[PDB]
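Trainee:
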Amino acid sequence: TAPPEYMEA
Amino acid sequence: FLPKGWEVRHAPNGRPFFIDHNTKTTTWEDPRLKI
């Protein structure tokens, strides 16, 4: 559970 | 095996979360099921 905020460069 | 662009990363959730770098998105369910 608990979705991670996404920002992967 | 996962959609072109999506990375599979194994989190401490005992869970591999699906993560696309080109659209900036994350999923718990395989993006093939949710396009």
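Residue numbers (our numbering), protein chains in the order written: chain S, 108 to 116; chain G, 3 to 37.
Every residue gets a Cβ at the ideal spot worked out from N, C-alpha and C, and that includes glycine.
1. Measure the CB-CB distance between G/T28 and G/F19 and report whether it falls below 8 Å.
2. Does the distance from the CB of G/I21 to the CB of S/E112 come in under 8 Å?
3. What does the alpha-carbon distance come out to for the pair G/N15 and G/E31?
4. Output the boundary residues of the beta strand (DSSP E) element that contains G/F19.
5. Apart from the five residues just before and just after G/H12, which ones in its own chain have a Cβ nearer than 6 Å to its Cβ?
Mentor: Let's see:
1. Remark: C-beta atoms of G/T28 and G/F19 approach each other more closely than 8 Å.
2. Taking a C-beta distance under 8 Å as the contact criterion, G/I21 and S/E112 do not qualify as a contact pair.
3. G/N15 and G/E31 have their C-alpha atoms spaced approximately 14 Å apart.
4. Looking at the DSSP string, the run of the beta strand (DSSP E) that includes G/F19 is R17 to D22.
5. Scanning its chain for C-beta atoms nearer than 6 Å, with the 5 sequence neighbours on each side dropped, one finds around G/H12 the residues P18, in chain order.
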